[PDB]
């Protein structure tokens, strides 16, 4: 009959483990998140890149983009010019150049003339925004590599609407001259971009040349009970784009700045901006004591394990 009370002890111990460890006495709710970011830093290389230059106006609620490398082509006007030298765009004679837009890779409608691109090579003439943008190989060191030293301030506000409870990842009074540390300052959400790529096992200088995608994962697992109150974030950092060269890594945005000359003709300045798009993913759950939950758990285990206790009871009776 020792085996019997061993089974009873196992059942009781399991019910208490489930109750306490899994907190079956509390209601759970998924958090509702709000993220805001503010960038600080300036790079002076052939131009002064403050935040207004290396950012685009942010209406998104979960991500933000920092420019790390730049290809700029200025004062381009709609006219005729040589195509950029592409396998299908290089020509020896006008017979190679078909009229109109031929493939999706062209920057303009082809006139059919084969015209010099540089001293050495010829290429198909096109009607386009001229001169066509032609580095195509981003600068050997990244232009805005200095962005490694920029800092980002991530204001994350979490809401449990049922519990009417709100938390943020900021200490009650925060000294700005702080840098995030897992143990010493967990409530300092100021991150050096280089440090972020560091925790993601990535080399900023290398990644900055062609861009990429970094996920800032903020996890909240919250107990709102007065006994054992824990509600604080856990950050992890991960690179989301395949780093391998053949698999098309990196990220860039294309944009233009349009101008009008005194004559009235429109002229534009075309940017291809490689950069890192940071995706801020905030998931989490929170729980709080509720009587209805405790009662339903008690009733549930009383029913189920009450049936188990009686069946095991009669089993030991009927056979011994």
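Residue numbers count along the first chain shown, from 1.
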{"query": "Of 180 to 188 and 143 to 151, the stretch whose C-alpha atoms average the higher B-factor in the entry", "finding": "180 to 188"}
{"query": "Mean C-alpha B-factor comparison - 93 to 101 and 76 to 84, higher one", "finding": "93 to 101"}
{"query": "Among modelled residues of the same chain, the CA temperature factor third for residue 124", "finding": "middle"}
{"query": "Among modelled residues of the same chain, the CA temperature factor third for residue 228", "finding": "highest"}
{"query": "Third of chain Cα B-factors occupied by residue 174", "finding": "highest"}
{"query": "CA B-factor placement of residue 29, once the chain's modelled residues are sorted into thirds", "finding": "middle"}
{"query": "Chain thirds of CA B-factor: placement of residue 286", "finding": "middle"}
